[PDB]
Amino acid sequence: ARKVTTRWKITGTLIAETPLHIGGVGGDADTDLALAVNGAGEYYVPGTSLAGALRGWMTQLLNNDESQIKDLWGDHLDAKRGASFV
RNA sequence: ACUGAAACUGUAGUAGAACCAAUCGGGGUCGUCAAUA
């Protein structure tokens, strides 16, 4: 497989400090923009939407350096990066 | 007159940007109603 010196499980509670809206495709007959729901119909944060939230912030932190970002979040086109480590 | 073996359809990607639940409105004030004798 991919070598992993150490795997880290990072977890905790995220609280909405303001209201939240991750959108699905949009519109449930009660709202023009409808919240994203999982296959069980439960309201959820897509891991895509949180990954890009955290990668996006990190991109601003690291002055939009592609190198260290792709070192942690993967890259489709570098010949030595591929899949994400987060 | 002899089954090929082995191989993740996967990798990167924030359903998001913009949008005022808002515009107008004195809690106000007078003669009506019935049809005959």
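So you know, we letter chains A, B, ... as the sequences are listed, proteins then strands, and number each from 1.
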In whole Å, I'd like the distance from the [atom1] atom of [X] to the [atom2] atom of [N].
X	N	atom1	atom2	answer
A:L54	B:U14	CG	P	11 Å
A:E66	B:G13	CD	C1'	15 Å
A:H21	B:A17	NE2	P	9 Å
A:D78	B:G13	CG	P	14 Å
A:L77	B:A12	CG	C1'	7 Å
A:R81	B:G13	CZ	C1'	15 Å
A:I22	B:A17	CD1	P	11 Å
A:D75	B:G10	CG	P	19 Å

OP1 or OP2 of B:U11 under 4.0 Å from side-chain N/O of A:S84: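 Indeed not, no polar side-chain atom of A:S84 lies that close.
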Look at the side-chain N and O atoms of A:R55 and state whether any lies under 4.0 Å from the OP1 or OP2 oxygen of B:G13. yes
Is B:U14 syn or anti, taking syn as a glycosidic angle within 90° of 0? syn
Determine if the base of B:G10 is syn or anti; take syn to mean the glycosidic torsion is within 90° of 0.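 You should classify B:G10 as anti.
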Closest to the A:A53 side chain: B:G16, B:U14, B:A12?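 Taking heavy atoms from C-beta onward, the closest nucleotide is B:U14.
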With north meaning a positive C1'-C2'-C3'-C4' (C3'-endo side) and south a negative one (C2'-endo side), sort [N] into one of the two.
N	value
B:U11	north
B:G25	south
B:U32	north
B:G16	north
B:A6	north

How do A:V25 and A:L33 order along RNA chain B: which one's closest nucleotide is nearer the 5' end?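 Mapping each residue to its closest nucleotide by heavy atoms, the 5'-most match is A:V25.
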For [X], look at atom [atom1] and say whether over 12 heavy atoms of other residues, nucleotides or ligands are found less than 6.0 Å away.
X	atom1	result
A:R2	CZ	yes
A:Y43	OH	no
A:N64	CG	yes

Determine if B:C33 and its strand neighbour B:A34 meet both stacking conditions: ring centres closer than 5.5 Å and an interplanar angle below 30°.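 Result for this step: stacked.
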Ring-centre distance below 5.5 Å and interplanar angle below 30°, B:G28 vs B:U29: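 Base stacking for B:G28 and B:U29: confirmed.
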B:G27 to B:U23 separation - P atoms, rounded to the nearest Å: 16 Å
Suppose you measure atom P in B:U9 against the same atom in B:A5; what distance do you get, rounded to whole Å? 16 Å
Show, in sequence, the C-alpha distance, side-chain angles and deciding distance for A:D78 and A:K70, and conclude whether the salt bridge (charged side-chain N to carboxylate O under 4.0 Å, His left out) test is met. CA-CA 9 Å; A:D78 186 22; A:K70 296 174 170 202; over 6 Å; no
In terms of hydrophobic clusters joined by side-chain contacts under 4.5 Å, are A:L50 and A:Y44 together? no
Check every strand shown and say whether [X] touches a base, only sugar-phosphate, or nothing at a heavy-atom separation below 4.0 Å.
X	result
A:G26	nothing
A:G82	sugar-phosphate
A:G52	base

Pairwise distance CG(A:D75) to NZ(A:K80) - rounded to 0.5 angstrom: 14.0 Å
